[PDB]
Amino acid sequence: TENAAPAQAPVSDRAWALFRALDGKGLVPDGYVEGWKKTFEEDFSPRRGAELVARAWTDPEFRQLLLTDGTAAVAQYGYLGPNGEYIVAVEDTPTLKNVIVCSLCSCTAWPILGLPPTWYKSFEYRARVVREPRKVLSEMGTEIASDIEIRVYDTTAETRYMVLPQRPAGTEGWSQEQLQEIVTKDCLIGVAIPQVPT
């Protein structure tokens, strides 16, 4: 019928066929995809971006490096990598809330945010956050007052971004470990604000 989907074998069968077609020709090194799977699951992680935020919150000199040469700051920690070679950190302020998207696909600072979540790659987010970020954030559980400008960064080239969120009050004197725990993946993407227990 009109506008019907094309016939397709099960996606798992098609993905593994792609693998076997290449692997059987000797074109895929031993353990090559298993190795990437492990990198993607274990190494690329928003815990790294949380470490960077907590360091910036407690070290003015690192904060300044992260905001002026994010690549350099990240390299100090050894966290450069694929889709994370040219890093720019964008600073939230009392009058500015930053949010990151890839409207054309899914582009994300993989090594310090982790691979993007399903929702970030959704057509709903890709279409809507550029045009109505306040309503999207609100729907997602984050209210941004009218006194704050919202700035959406569309990741359309090689720059890979992370948000440096505002440090919330009630965290004075906390350790880096304590601060890291309240910086989540969504805070690094920009759709959430770090929360402290009461």
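We number the residues from 1 along the sequence you see.
Return whichever of 114-122 and 85-93 has the greater mean Cα B factor according to the PDB record.
-> Between 85-93 and 114-122, it is 85-93 that shows the higher mean C-alpha B-factor.
Can you let me know which of the two, 41-49 or 146-154, has the higher average C-alpha B-factor in the entry?
-> Mean CA B-factor is higher for 146-154.
Whose CA atom has the top B-factor in the entry, of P165, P133, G70, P60?
-> Comparing C-alpha B-factors across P165, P133, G70, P60, the maximum falls on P60.
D13, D186, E177, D23, ranked by C-alpha B-factor: the highest one | In the PDB entry, the greatest C-alpha B-factor among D13, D186, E177, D23 is found at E177.
Please place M140 in the lowest, middle or highest third of its chain by C-alpha B factor as given in the entry.
-> Its C-alpha B-factor belongs to the middle third of this chain's values.
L65 - which third its CA temperature factor falls in, relative to the rest of the chain | It falls in the top third of the chain.
Lowest, middle or highest third: where is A169 by Cα B-factor in its chain?
-> It belongs to the highest third of the chain when residues are ordered by C-alpha B-factor.
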